[PDB]
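To be precise, the following lines are coords-v3.txt, and they hold compact mmCIF, C-alpha atoms.
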# COMPACT_ATOMS: atom_id res chain seq x y z
CA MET A 1 11.17 -65.75 -10.05
CA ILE A 2 10.00 -67.44 -6.88
CA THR A 3 13.20 -69.21 -6.08
CA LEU A 4 13.46 -72.12 -3.75
CA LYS A 5 16.34 -72.02 -1.36
CA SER A 6 18.56 -74.82 -0.47
CA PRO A 7 19.46 -75.83 3.10
CA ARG A 8 22.75 -74.00 2.92
CA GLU A 9 21.14 -70.78 1.62
CA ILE A 10 18.51 -71.00 4.42
CA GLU A 11 21.25 -71.51 6.92
CA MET A 12 22.98 -68.31 5.80
CA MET A 13 19.70 -66.41 5.84
CA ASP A 14 19.41 -67.65 9.38
CA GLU A 15 22.87 -66.17 10.18
CA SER A 16 21.81 -62.90 8.55
CA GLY A 17 18.64 -62.96 10.68
CA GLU A 18 20.62 -63.46 13.91
CA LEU A 19 22.57 -60.23 13.23
CA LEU A 20 19.34 -58.36 12.50
CA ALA A 21 17.72 -59.93 15.64
CA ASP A 22 20.69 -58.84 17.61
CA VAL A 23 20.17 -55.19 16.40
CA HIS A 24 16.57 -55.39 17.60
CA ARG A 25 17.71 -56.69 21.01
CA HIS A 26 20.08 -53.74 21.34
CA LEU A 27 17.23 -51.34 20.31
CA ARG A 28 15.26 -52.25 23.41
CA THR A 29 17.50 -50.13 25.56
CA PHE A 30 18.67 -47.62 23.02
CA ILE A 31 15.16 -46.33 22.18
CA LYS A 32 14.15 -43.63 24.65
CA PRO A 33 12.55 -40.25 24.87
CA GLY A 34 14.99 -37.49 23.74
CA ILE A 35 16.70 -39.50 20.86
CA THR A 36 15.63 -38.85 17.25
CA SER A 37 14.78 -41.59 14.65
CA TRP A 38 17.95 -40.40 12.88
CA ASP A 39 19.95 -41.65 15.91
CA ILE A 40 18.26 -45.11 15.35
CA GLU A 41 19.32 -45.02 11.72
CA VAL A 42 22.91 -44.20 12.65
CA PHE A 43 23.06 -46.81 15.38
CA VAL A 44 21.46 -49.67 13.32
CA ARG A 45 23.59 -48.93 10.26
CA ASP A 46 26.82 -48.90 12.40
CA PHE A 47 25.80 -52.14 14.12
CA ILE A 48 24.98 -54.03 10.90
CA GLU A 49 28.06 -52.76 9.18
CA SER A 50 30.60 -53.29 12.02
CA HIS A 51 29.52 -56.90 12.04
CA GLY A 52 30.17 -57.47 8.34
CA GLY A 53 26.77 -56.85 6.93
CA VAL A 54 25.28 -54.48 4.46
CA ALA A 55 22.04 -52.62 5.11
CA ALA A 56 20.15 -53.95 2.25
CA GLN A 57 17.50 -51.16 2.04
CA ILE A 58 20.09 -48.66 0.97
CA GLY A 59 19.65 -48.06 -2.76
CA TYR A 60 16.53 -50.20 -2.93
CA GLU A 61 14.50 -48.34 -5.61
CA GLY A 62 16.43 -45.23 -4.63
CA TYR A 63 15.75 -45.50 -0.84
CA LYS A 64 18.70 -43.88 1.00
CA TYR A 65 18.54 -45.29 4.55
CA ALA A 66 19.29 -48.54 6.41
CA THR A 67 16.02 -48.28 8.24
CA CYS A 68 12.41 -47.18 8.03
CA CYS A 69 11.16 -45.48 11.24
CA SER A 70 7.39 -45.10 11.07
CA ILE A 71 6.02 -43.16 14.06
CA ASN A 72 2.44 -43.33 15.34
CA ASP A 73 -0.10 -42.86 12.50
CA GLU A 74 2.69 -43.49 9.96
CA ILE A 75 2.11 -47.10 8.85
CA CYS A 76 5.34 -47.93 6.94
CA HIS A 77 8.24 -46.41 5.07
CA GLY A 78 8.84 -43.45 7.34
CA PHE A 79 12.28 -41.93 6.88
CA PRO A 80 14.62 -41.74 9.88
CA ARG A 81 14.82 -38.02 10.63
CA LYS A 82 16.26 -35.53 13.13
CA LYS A 83 12.97 -35.22 14.90
CA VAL A 84 12.87 -35.94 18.63
CA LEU A 85 10.97 -39.06 19.87
CA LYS A 86 8.59 -38.47 22.87
CA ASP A 87 6.91 -40.36 25.71
CA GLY A 88 4.13 -42.37 24.25
CA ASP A 89 5.40 -42.55 20.60
CA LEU A 90 4.90 -45.87 18.88
CA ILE A 91 7.73 -46.38 16.43
CA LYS A 92 8.14 -49.28 13.98
CA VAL A 93 11.72 -49.96 13.10
CA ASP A 94 12.15 -51.80 9.81
CA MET A 95 15.57 -52.92 8.61
CA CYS A 96 17.07 -55.55 6.21
CA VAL A 97 20.39 -57.26 6.42
CA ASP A 98 22.50 -58.71 3.64
CA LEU A 99 25.17 -60.82 5.39
CA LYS A 100 27.55 -62.36 2.79
CA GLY A 101 24.71 -62.28 0.22
CA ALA A 102 22.00 -63.67 2.52
CA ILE A 103 18.89 -61.51 3.06
CA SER A 104 16.74 -61.13 6.24
CA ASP A 105 14.00 -58.51 6.83
CA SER A 106 12.36 -57.67 10.09
CA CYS A 107 10.34 -54.79 11.55
CA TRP A 108 9.68 -54.57 15.30
CA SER A 109 7.50 -51.99 17.22
CA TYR A 110 8.71 -50.15 20.30
CA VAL A 111 6.80 -47.75 22.57
CA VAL A 112 9.03 -44.80 23.59
CA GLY A 113 8.96 -44.14 27.39
CA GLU A 114 5.59 -44.39 29.09
CA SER A 115 2.96 -46.35 27.19
CA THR A 116 -0.78 -46.08 27.14
CA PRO A 117 -3.55 -48.70 27.32
CA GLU A 118 -4.44 -48.06 23.71
CA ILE A 119 -0.84 -48.74 22.60
CA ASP A 120 -0.25 -51.70 24.87
CA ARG A 121 -3.35 -53.41 23.45
CA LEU A 122 -2.56 -52.58 19.84
CA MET A 123 0.96 -53.82 20.02
CA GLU A 124 -0.09 -57.10 21.70
CA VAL A 125 -2.83 -57.68 19.05
CA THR A 126 -0.49 -57.00 16.15
CA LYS A 127 2.21 -59.31 17.48
CA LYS A 128 -0.30 -62.10 18.18
CA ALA A 129 -1.51 -61.63 14.67
CA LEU A 130 1.96 -62.05 13.25
CA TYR A 131 2.33 -65.39 15.10
CA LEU A 132 -1.10 -66.64 14.04
CA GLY A 133 0.08 -65.83 10.55
CA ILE A 134 3.26 -67.70 10.94
CA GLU A 135 1.29 -70.78 12.18
CA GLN A 136 -0.43 -70.94 8.79
CA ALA A 137 2.84 -70.98 6.91
CA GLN A 138 3.07 -74.79 6.50
CA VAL A 139 4.13 -76.69 3.40
CA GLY A 140 0.95 -77.39 1.45
CA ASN A 141 -1.17 -74.59 2.95
CA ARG A 142 -1.94 -71.74 0.70
CA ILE A 143 -1.10 -68.04 0.90
CA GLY A 144 -4.70 -67.01 1.72
CA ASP A 145 -4.54 -69.12 4.87
CA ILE A 146 -2.02 -66.65 6.27
CA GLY A 147 -4.24 -63.65 5.40
CA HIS A 148 -7.33 -65.35 6.86
CA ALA A 149 -5.72 -66.20 10.15
CA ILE A 150 -4.62 -62.49 10.55
CA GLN A 151 -7.67 -60.68 9.36
CA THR A 152 -10.14 -62.71 11.44
CA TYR A 153 -8.20 -62.18 14.57
CA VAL A 154 -7.35 -58.43 13.97
CA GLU A 155 -10.91 -57.51 12.94
CA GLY A 156 -12.34 -59.42 15.88
CA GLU A 157 -10.41 -57.04 18.14
CA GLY A 158 -11.89 -53.99 16.48
CA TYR A 159 -8.90 -53.00 14.27
CA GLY A 160 -8.26 -52.56 10.46
CA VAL A 161 -5.70 -54.77 8.62
CA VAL A 162 -3.76 -52.60 6.18
CA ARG A 163 -4.33 -53.70 2.58
CA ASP A 164 -2.06 -51.58 0.41
CA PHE A 165 1.12 -53.29 1.70
CA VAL A 166 1.83 -56.97 1.92
CA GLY A 167 4.49 -59.53 2.85
CA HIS A 168 6.70 -60.98 0.16
CA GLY A 169 9.36 -63.43 -0.79
CA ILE A 170 12.99 -62.69 -0.04
CA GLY A 171 16.22 -63.88 -1.67
CA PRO A 172 18.18 -62.74 -3.64
CA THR A 173 16.82 -59.17 -2.91
CA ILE A 174 14.78 -57.70 -0.10
CA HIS A 175 11.56 -57.86 -1.97
CA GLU A 176 10.55 -60.85 -4.18
CA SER A 177 7.38 -62.70 -5.27
CA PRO A 178 5.18 -63.96 -4.07
CA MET A 179 2.91 -61.35 -2.46
CA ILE A 180 1.60 -62.26 1.04
CA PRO A 181 -1.49 -60.24 1.83
CA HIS A 182 -2.44 -60.05 5.50
CA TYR A 183 -6.17 -60.42 4.71
CA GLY A 184 -7.72 -63.09 2.47
CA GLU A 185 -9.55 -66.41 2.48
CA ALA A 186 -8.46 -69.74 3.75
CA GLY A 187 -7.68 -72.22 0.90
CA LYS A 188 -6.84 -69.58 -1.77
CA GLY A 189 -4.43 -68.83 -3.83
CA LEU A 190 -0.75 -69.87 -4.06
CA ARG A 191 0.57 -73.03 -2.40
CA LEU A 192 3.55 -72.82 0.01
CA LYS A 193 6.40 -75.16 -0.89
CA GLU A 194 9.50 -76.29 0.91
CA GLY A 195 12.38 -73.88 0.32
CA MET A 196 10.28 -70.71 0.00
CA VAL A 197 11.44 -67.82 2.13
CA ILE A 198 8.96 -65.08 2.92
CA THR A 199 8.03 -62.28 5.26
CA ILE A 200 4.91 -61.98 7.27
CA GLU A 201 4.41 -58.43 8.39
CA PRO A 202 0.86 -57.31 9.27
CA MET A 203 0.27 -53.58 9.72
CA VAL A 204 -2.68 -53.00 12.05
CA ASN A 205 -4.54 -49.66 12.52
CA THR A 206 -6.77 -48.66 15.42
CA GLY A 207 -9.46 -47.34 12.98
CA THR A 208 -9.82 -47.66 9.17
CA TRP A 209 -7.42 -49.89 7.24
CA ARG A 210 -7.12 -47.09 4.53
CA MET A 211 -3.96 -45.06 3.98
CA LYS A 212 -2.73 -41.91 2.21
CA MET A 213 0.67 -41.33 0.75
CA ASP A 214 3.21 -38.68 1.71
CA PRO A 215 4.54 -36.37 -1.14
CA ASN A 216 7.90 -38.23 -0.78
CA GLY A 217 6.41 -41.20 -2.60
CA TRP A 218 7.34 -43.61 0.29
CA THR A 219 5.73 -42.89 3.65
CA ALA A 220 2.14 -43.93 4.36
CA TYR A 221 -0.28 -42.44 6.93
CA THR A 222 -3.47 -43.81 8.27
CA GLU A 223 -6.45 -42.11 6.61
CA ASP A 224 -8.11 -41.27 9.93
CA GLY A 225 -5.17 -40.53 12.09
CA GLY A 226 -5.36 -43.79 14.06
CA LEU A 227 -2.09 -45.30 15.33
CA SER A 228 -0.65 -48.06 13.32
CA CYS A 229 1.53 -51.00 14.36
CA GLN A 230 3.62 -53.59 12.60
CA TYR A 231 5.61 -56.72 13.48
CA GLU A 232 7.48 -58.77 10.97
CA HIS A 233 9.51 -61.91 10.63
CA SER A 234 11.41 -63.54 7.82
CA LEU A 235 10.79 -67.34 7.67
CA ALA A 236 11.68 -70.44 5.67
CA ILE A 237 8.87 -72.83 4.60
CA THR A 238 10.08 -76.28 5.74
CA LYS A 239 8.74 -79.90 6.15
CA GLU A 240 9.37 -79.29 9.89
CA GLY A 241 7.09 -76.24 9.61
CA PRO A 242 7.98 -72.43 9.49
CA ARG A 243 11.52 -71.68 10.66
CA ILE A 244 11.66 -68.10 11.91
CA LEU A 245 14.91 -66.65 10.62
CA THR A 246 14.80 -63.32 12.59
CA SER A 247 13.77 -64.62 16.01
CA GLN A 248 15.12 -62.56 18.94
CA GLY A 249 14.69 -65.34 21.52
CA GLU A 250 11.65 -67.29 22.75
CA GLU A 251 8.54 -66.40 20.74
CA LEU A 252 6.16 -63.87 22.42
CA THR A 253 8.85 -63.21 25.06
CA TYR A 254 9.77 -60.00 23.28

Once you've parsed the file, please lay out its structure as structure tokens.
Amino acid sequence: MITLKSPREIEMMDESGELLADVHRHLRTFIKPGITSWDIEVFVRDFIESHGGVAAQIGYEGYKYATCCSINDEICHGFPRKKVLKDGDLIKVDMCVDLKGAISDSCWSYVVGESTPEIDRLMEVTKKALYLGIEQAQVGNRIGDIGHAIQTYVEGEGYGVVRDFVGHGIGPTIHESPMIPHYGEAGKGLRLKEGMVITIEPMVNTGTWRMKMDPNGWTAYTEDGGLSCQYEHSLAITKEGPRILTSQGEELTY
């Protein structure tokens, strides 16, 4: 149930991740005030599919979309909808790609139009946090090292680290064991081994880390109305150290 991938599998997951990365790159100019999150769904789904892939979230546990679009105080699992995006919206776009059977997952945050100081700071903290996480993903370190790197940094900046959602393994589906919490204690619990493929995907809130659920069973809101932010990568645990499968270019450049 935690499967270890072979070099060839990892390779294909890397090719899957390049297509998803490429969708993210194209989102940088497509996302603007006046579009809806439904337009993002349509565009992402057409891009993945016209390049041979399958949007792996469709049918996952009944989910119907290629994408999650979580706006502002929505933390994760927002539905793309025909609601107009505005100046100042912070939208997290989550998508998964299955390219010839190989899975990649990656959520990236975008600010729509003119940003604010509050949003520029939150996004830069969340993204740093992802990368501090990824640093801890070495063969031999343990899963709690990843949570401890993230929580210490996020909390030191004044923010809450969501707790109710966590990273996970990937391959052969979009969501496998093991769990990767984004808070925790260095040196605990499960040990990372070569050939694991996982996501790191901290969700960071400006105020409490607590959430409430929408009636739809999927979408989560911050409990206090603070903005929430997420960045995610898929990565392979290797002897060389973490190989980021969904990289969009040079790290922290984007």

**Fill in**
If you count only C-alpha atoms, the residue of A:71, A:196, A:253, A:154 closest to residue 13 in chain A turns out to be A:196

**Request:** Check the smallest atom-to-atom distance from each of A:171, A:202, A:241, A:80 to residue 151 in chain A using all atoms listed in the file, then report the winner.
**Result:**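 Smallest separation from residue 151 in chain A among the options: A:202.
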
**Prompt:** Within 8 Å of residue 150 in chain A, counting all atoms listed in the file, which residues qualify if same-chain residues fewer than 5 places away don't, as a ChimeraX atom specification?
**Reply:** /A:129-130,132-133,182-183,202

**Message:** Using all atoms listed in the file, can you tell me which of A:121, A:148, A:233, A:239 comes closest to residue 205 in chain A?
**Reply:**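 Smallest separation from residue 205 in chain A among the options: A:121.
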
**Request:** Write out as a list in words each polymer residue whose atoms come within 10 Å of residue 49 in chain A, counting only C-alpha atoms; drop sequence neighbours fewer than 6 positions from it.
**Result:**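 Everything that qualifies: residues 43, 55, 97, 98 and 99 of chain A.
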
**Asked** Distance CA of residue 111 in chain A-CA of residue 236 in chain A, one decimal place?
**Response** 28.7 Å

**Message:** Please list, as a PyMOL selection string, the residues that have an atom at most 12 Å away from (-5.1, -41.3, 11.4) in the coordinates of this file, counting only C-alpha atoms.
**Reply:** chain A and resi 71-75+160+204-212+220-228

**Asked** Which distance in Å separates CA of residue 135 in chain A and CA of residue 21 in chain A, to one decimal?
**Response**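 For CA of residue 135 in chain A relative to CA of residue 21 in chain A, the distance reads 20.0 Å.
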
**Message:** Under the rule that all atoms listed in the file are counted, which of A:254, A:153, A:218, A:131 is the nearest residue to residue 235 in chain A?
**Reply:**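 Of A:254, A:153, A:218, A:131, the one nearest residue 235 in chain A, counting all atoms listed in the file, is A:131.
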
**range 27-39 of chain A surroundings by only C-alpha atoms, 8 Å radius, close-in-sequence under 4 positions cut, as a PyMOL selection string** = chain A and resi 23+43+69+80-87+110+112-113

**Two-atom distance - CA of residue 234 in chain A, CA of residue 199 in chain A (Å)** =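 Distance between the two atoms: 4.4 Å.
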